[PDB]
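To keep things clear, I will list the structure first and then write my remarks on it.
Quick reminder, even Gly has a Cβ in these numbers, built from the backbone with ideal geometry, and neighbours come from all protein chains shown. Each answer follows from the model by the rule given with it, or from the source it names; no laboratory instrument gave them.
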Amino acid sequence: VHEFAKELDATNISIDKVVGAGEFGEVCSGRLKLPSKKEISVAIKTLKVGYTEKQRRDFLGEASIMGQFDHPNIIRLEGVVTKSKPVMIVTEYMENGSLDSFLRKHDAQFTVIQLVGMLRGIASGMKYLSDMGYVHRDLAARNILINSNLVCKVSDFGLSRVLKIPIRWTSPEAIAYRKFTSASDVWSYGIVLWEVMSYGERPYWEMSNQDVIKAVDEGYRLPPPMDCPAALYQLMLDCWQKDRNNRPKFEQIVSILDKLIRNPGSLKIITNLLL
Ligand SMILES: CCCCn1c(-c2c(C)ccc3[nH]ncc23)cn2c3c(=O)[nH]c(=O)n(C)c3nc12
């Protein structure tokens, strides 16, 4: 674990607020003093008191993975505290929290270009993740964090693996026989793209799991979010191709969004499951 995660000294960490509760213990905010004396805001995940040895391994397991990525669109690990208690994972602070809950508070309040900027960041981070040989397997708006400048970053590597499961975000073939590839992450990205353009609407609403699985398999797809640019809806559909080999690669997705960011006059054509 200390291969990719530097041990931090607890005296350099101030805790200034309990901000949430994770799968493993509280999540807080605070500050970290770096060796250069610079002070930065950080998110701090704590491991619950009474943790079993297993929980400790899983908890720090996420840090070992996170510590492998250094990219502007992947949550940055600052380090871990293990030589004292509570055990902690320290990451950069994202002032605007989870992307889905953020967008829900701002229904229709952003411009197409702003939403596309968010989406470009996510794709860029996923491009790097897939470049590194990892499948995320849990790519969803709730696992994207957004900072004070609207920069979006991939997080939560709990289910991530080198090359249970959230049914709504998982590709047909991964649901069918656990075929997880980068192309199954591209499927998830398509769902994320839908979440963004829908400002945090839940994928497939409250349909039963059984029906989500069946409908998608039969070729049904989420419908165009209100006022969704045709270009972006078609990108969802491309991400949701039945043949995984026909989905774009994250590199192509980045390229597509980069173009849309340029001529927003592309975005002027505007568009129950669709067959
Ligand atoms: C996907 C989010 C899981 C919990 N987590 C982590 C985090 C931490 C601290 C350690 C490992 C992690 N893996 N993935 C995230 C993560 C950092 N943050 C923040 C945050 O920085 N700002 C905020 O406003 N909120 C709400 C935050 N919530 C978290």
Checked pairs for region 15-38, first under 24 Å from residue 158 (Cα atoms), second β-branched (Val, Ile, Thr) and in a loop (DSSP other than H, G, I, E, B), C-beta under 9 Å and 6 or more apart or across chains, list as 25/49; 25/87
Against the conditions (1) within 12 Å of the chain's Cα centre (by Cα); (2) part of a helix (DSSP H, G or I), where does residue 57 fall short? Just the number, please. (1)
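Against the definition (of a type outside the set (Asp, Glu) and assigned to a helix (DSSP H, G or I)), how does residue 252 come out, yes or no? Even if it seems obvious, please write down each step before you answer.
Working: of a type outside the set (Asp, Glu): yes; assigned to a helix (DSSP H, G or I): yes.
Criteria met by residue 252.
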Whether any residue in region 3-10 is within 26 Å of the chain's Cα centre (by Cα) and more than 16 Å from the ligand (Cβ to nearest atom) is what I want to check. yes
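How many residues does region 197-232 contain that are part of a loop (DSSP other than H, G, I, E, B) and among the polar types (S, T, N, Q)? Steps first, answer last, please.
First, pick out the residues of region 197-232 that are part of a loop (DSSP other than H, G, I, E, B): 198-208, 218-220, 222-228.
Those left that are additionally among the polar types (S, T, N, Q): 198, 208.
Number of matching residues: 2.
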If you scan region 31-73, which residues turn out to be closer than 19 Å to residue 147 by Cβ and within 10 Å of the ligand (Cβ to nearest atom)? 41, 42, 43, 44, 45, 66
Does residue 130 satisfy being more than 14 Å from the ligand (Cβ to nearest atom), assigned by CATH to the domain that holds residue 202 and touching a helix residue (DSSP H, G or I) at 6+ places or on another chain (Cβ under 9 Å)? yes
Quick test for you: out of 233, 204, pick the one residue that is under 24 Å from the mean Cα position of the chain (by Cα) and on the phi > 0 side of the Ramachandran plot. 204
Would you confirm whether or not region 39-60 contains a residue that is surrounded by fewer than 18 Cβ atoms within 10 Å (Cβ to Cβ) and within 20 Å of residue 129 (Cβ to Cβ)? yes
Those residues of region 69-91 which are over 15 Å from residue 143 (Cβ atoms) and not in a strand (DSSP E or B) amount to 70, 71, 72, 76, 82, 83, 84, 85, 86, 87
All-but-one check, residue 89 against (1) surrounded by 20 or more Cβ atoms within 10 Å (Cβ to Cβ); (2) more than 13 Å from the chain's Cα centre (by Cα); (3) outside the structural domain of residue 46 (by CATH), failing number (3)
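Within region 134-191, how many residues turn out to be in a loop (DSSP other than H, G, I, E, B), closer than 21 Å to residue 223 by Cα and either within 16 Å of the ligand (Cβ to nearest atom) or in the same structural domain as residue 90 (by CATH) (or both)?
Here is the first cut: in region 134-191, the residues in a loop (DSSP other than H, G, I, E, B) are 136-140, 147-151, 155-160, 163-166, 170-171, 178-181.
Now narrow it down to the ones that are closer than 21 Å to residue 223 by Cα: 139-140, 166, 170-171.
Now drop any that are not either within 16 Å of the ligand (Cβ to nearest atom) or in the same structural domain as residue 90 (by CATH) (or both), which leaves 139-140, 166.
Summing the residues that are in a loop (DSSP other than H, G, I, E, B), closer than 21 Å to residue 223 by Cα and either within 16 Å of the ligand (Cβ to nearest atom) or in the same structural domain as residue 90 (by CATH) (or both) in region 134-191 gives 3.
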Tell me which of these residue 71 doesn't satisfy, since it passes every other one: (1) surrounded by fewer than 20 Cβ atoms within 10 Å (Cβ to Cβ); (2) touching a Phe, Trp or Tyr at 6+ places or on another chain (Cβ under 6 Å); (3) closer than 19 Å to residue 20 by Cα. (3)
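If you take the residues in region 92-127 that are near the ligand (Cβ under 10 Å from one of its atoms) and small (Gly, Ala, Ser), which one is surrounded by the fewest Cβ atoms within 10 Å (Cβ to Cβ)? Even if it seems obvious, please write down each step before you answer.
Looking only at region 92-127, we keep the residues that are near the ligand (Cβ under 10 Å from one of its atoms), and these are 92-99, 101-102.
This time we only want the ones that are small (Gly, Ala, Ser), so: 97-98, 101.
Numbers: 97: 16, 98: 20, 101: 13.
My answer is 101.
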